[PDB]
């Protein structure tokens, strides 16, 4: 069946409730003090993490080389706790997946597992008015309150939930190379 045990281990050790001016989002911690949140959360200079105001030391809204939104924002947080390093659970490449789980961690839903079934590399989506790339699709009627939700199969953390049209849901891909130590460049 679905990898419920894996999703639960990821929720236990690597998720927190994040709250911006746009409301609450499940937030996946990736390594050290680096986490991700859907870009439409509109992250600013500070953010609530588990209802604790926290300094946002960096925020990078990912876009691809066509200058198209990827709907992922990576943040660096001023907190004492380190996140378990889960980078080795991220996919190297784009892919399709079987029998995935969507897990939510908010105030309203502290832990929440939804089997969404098959996940297809959808590609381009006009995501409520914003052209977006690298989208994963599942045939499940996801709802408000689920954004940021972590999409997993066993051994792989494959994306975070960003939208849904009433019949399908949509996640932004997570790729391993989003989080490697790289080069020295001016990004703001």
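Residue numbers count along the first chain shown, from 1.
For the C-alpha atoms alone, is the average B factor greater in 176 to 184 or in 18 to 26, going by the entry?
Of 176 to 184 and 18 to 26, the stretch with the higher C-alpha B-factor average is 176 to 184.
Going by the deposited entry, which of 41, 57, 125, 157 has the highest CA temperature factor?
Of 41, 57, 125, 157, 125 has the highest C-alpha B-factor.
Between 139, 152, 146, 50, which one tops the list for Cα B-factor in this entry?
That would be 139.
Residue 108 CA temperature factor, ranked by third within the chain:
For residue 108, the deposited C-alpha B-factor lands in the highest third.
When the modelled residues of the chain are sorted by Cα temperature factor, does residue 130 land in the lowest, middle or highest third?
Within its chain, residue 130 is a highest-third residue by C-alpha B-factor, going by the deposited values.
Ranking every modelled residue in this chain by its Cα temperature factor as given in the entry, which third contains residue 87?
Tercile = lowest for this residue's CA B-factor.
Where does the C-alpha B-factor of residue 94 rank in its chain, lowest, middle or highest third?
Its C-alpha B-factor, which the entry lists for residue 94, ranks in the middle third among residues of this chain.
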